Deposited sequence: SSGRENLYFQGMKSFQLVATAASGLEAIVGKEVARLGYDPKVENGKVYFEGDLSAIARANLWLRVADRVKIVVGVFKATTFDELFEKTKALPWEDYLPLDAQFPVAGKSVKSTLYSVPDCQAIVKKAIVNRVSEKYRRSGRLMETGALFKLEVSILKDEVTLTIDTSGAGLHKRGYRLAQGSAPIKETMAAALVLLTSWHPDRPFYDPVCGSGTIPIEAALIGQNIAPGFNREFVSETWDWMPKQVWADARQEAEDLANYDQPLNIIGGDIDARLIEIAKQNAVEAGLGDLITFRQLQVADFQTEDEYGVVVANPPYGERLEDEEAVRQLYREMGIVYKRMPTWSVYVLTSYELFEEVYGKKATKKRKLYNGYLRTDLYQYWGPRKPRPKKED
């Protein structure tokens, strides 16, 4: 993180990395990449940075708002498949892919002469096989049986970016919600919401419509400076050219930087007792024991003597009449309750158009996200 180490100690090998992100969340990912001591270049849905083996480990462990961390193998222009072929085979694929690499190729194409994704997939695969076959001298040992190097060819305005996935499962899958679907807020979005607030763990936190507990869990992990990826694995741990010691060092660092003694006052409320039991279990799996206070709690029944807290909510919103009426009632009740809490700040992520009207006051700030809006009521 100092950024000052001689590059010799990481094998004299530097990588062009990228941390992908939802559109509109890249600035936050940039700040997280800077936090790790790297130099971010923020673009639409992508934060590029240079790094070594340790950067791969540390970014996978630590980024909370990124979708995945990839290696950028190369970037060039191509308007014919023969040009895509040659420029792809010119890259040093053998530096990344061992004899037994498994290397499937995914594709994306937008506003490009080369429009056919299946043809781009085919030609990139052709070229990579050509390259490794040449550089391993047509070894009979070349076979796709071992570690996984998921490749992507992405073409935008005739510019080709070739990447290798270092993460495996998307980073939103921290491990604490497995086998529970994706109806709730995406974990990366939940972390983004908390990071867009003023909240610090010295202050109370409340998610009044918490469901299975994602927002409180992400807040707790921020509050104790716990790496989001601490309890999961990454595909790049299986790559023979990345030493296990790099990952062991990154994980020891993550343990050392955590603040497990930071007290937390975090309440998650939901009307569904079964989802509250699920939330408690998810928090145990996240390594948070019973630090979070999950309650079966209707919005209208919340009372506190605590001051200077932060409410953060993202109520599930179905756009049909019954579901919309239930959320209107929720927003109205929130407004009534939080009026009694003038020292608190309130953040509500919703696509319900009449939120401000129903809550009863206009927001301090309205941040547009992906279409949903983050309504922010800044407190003292």
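Note: segments 371-374, 385-393 of the deposited sequence have no C-alpha coordinates in the structure.
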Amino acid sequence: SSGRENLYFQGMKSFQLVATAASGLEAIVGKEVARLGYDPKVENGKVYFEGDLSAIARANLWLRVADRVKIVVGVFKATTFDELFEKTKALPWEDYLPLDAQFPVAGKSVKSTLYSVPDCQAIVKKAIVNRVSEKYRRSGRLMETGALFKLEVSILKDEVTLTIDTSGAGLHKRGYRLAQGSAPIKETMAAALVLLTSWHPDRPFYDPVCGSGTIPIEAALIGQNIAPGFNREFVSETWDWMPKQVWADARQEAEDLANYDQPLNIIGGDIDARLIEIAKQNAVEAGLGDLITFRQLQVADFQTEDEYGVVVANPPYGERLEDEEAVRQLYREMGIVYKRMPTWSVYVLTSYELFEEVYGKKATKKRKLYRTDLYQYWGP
From here on, numbers count along this sequence of modelled residues.
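Comparing 79-87 with 227-235, the higher mean C-alpha B-factor in the PDB entry belongs to 79-87. Annotation for 171-179 versus 121-129: the higher mean temperature factor (C-alpha) is found in 171-179. If you compare the C-alpha temperature factors of 138, 150, 251, 186 in the entry, 138 comes out highest.
Comparing C-alpha B-factors across 115, 308, 93, 103 in the deposited entry, the largest value falls on 115. Annotation for residue 331: C-alpha temperature factor in the middle third relative to the rest of the modelled chain, per the entry. When all modelled residues of the chain are sorted by CA temperature factor, residue 44 is found within the highest third.
Compared with the other modelled residues of the chain, the Cα B-factor recorded for residue 351 ranks in the highest third.
In the PDB entry, residue 214 places in the lowest third of its chain by CA B-factor. In this PDB entry, residue 35 carries a Cα temperature factor that places it within the middle third of its chain's modelled residues.
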